[PDB]
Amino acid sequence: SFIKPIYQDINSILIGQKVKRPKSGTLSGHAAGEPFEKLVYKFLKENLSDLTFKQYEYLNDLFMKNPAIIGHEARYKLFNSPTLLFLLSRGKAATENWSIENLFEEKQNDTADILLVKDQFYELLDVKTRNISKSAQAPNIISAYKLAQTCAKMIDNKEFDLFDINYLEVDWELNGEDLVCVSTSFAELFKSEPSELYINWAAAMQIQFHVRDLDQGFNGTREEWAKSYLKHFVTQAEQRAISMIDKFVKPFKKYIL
């Protein structure tokens, strides 16, 4: 990680940073701590200025550093990596229409919140804000499906030393007429036991876990991670197939016969 070494510099400037609350008055979903994510990034941009990039920010530069390139085919080859492309790309149309006049904007679908790149190594940073004023179910981490594919693309293309997926939990609470961070948590996806990783199918097939509680004792290799997770996914997919019928079918069959 490119943040791990300065987690204390970050964690510190965070706790106690009174930030105005959303003018909307819902504090749910994106609006929840959206301003917080911005807060985190802004710091990196000033500390690790050379490695910090917003996912679209990276893209716009990537394309702009190669102006003599056009079309989707050519612009995709600029990733020099299938996996890393499947995680950061935009889509035929969006890619083909890119321009210095029609840049890329933040897309709700984007895999990573912030990108940290250096020495041909990428760190996909996804921050999760958590309202400490209450106790709720584990946040959405990432799509198990998009994770299963990323593993396939890793195994097939043999790319085990290219990127990392790390999370930064930002605990906040309501105080007065504005929000306030009260603590933080960091963890590395590829450092946790894959087999134990929880997949919430209904919840957009997302993996769910509080960063604060994520274990980090995986001693195996990266290749060993992918292959191990992909096995966990399938198993859970099968198990879910059955349970789905046992829960959304059986108890209702007495209304159609």
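Residue numbers here begin at 1 and follow the sequence given.
Higher mean CA temperature factor, per the PDB entry, when comparing 136 to 144 with 93 to 101: 93 to 101. Averaged over CA atoms, B-factors in the entry run higher in 155 to 163 than in the other of 155 to 163 and 110 to 118. Comparing C-alpha B-factors across 83, 129, 183, 175 in the deposited entry, the largest value falls on 175. Residue 57: CA B factor in the lowest third of modelled residues in this chain (values from the PDB entry).
Split the chain's modelled residues into thirds by C-alpha temperature factor. Residue 204 is in the lowest one. When all modelled residues of the chain are sorted by CA temperature factor, residue 226 is found within the highest third.
Placement of the Cα temperature factor of residue 27 within the chain: highest third of the modelled residues, per the deposited record. When the CA B factors of the chain's modelled residues are split into thirds, the value for residue 214 lands in the middle one.
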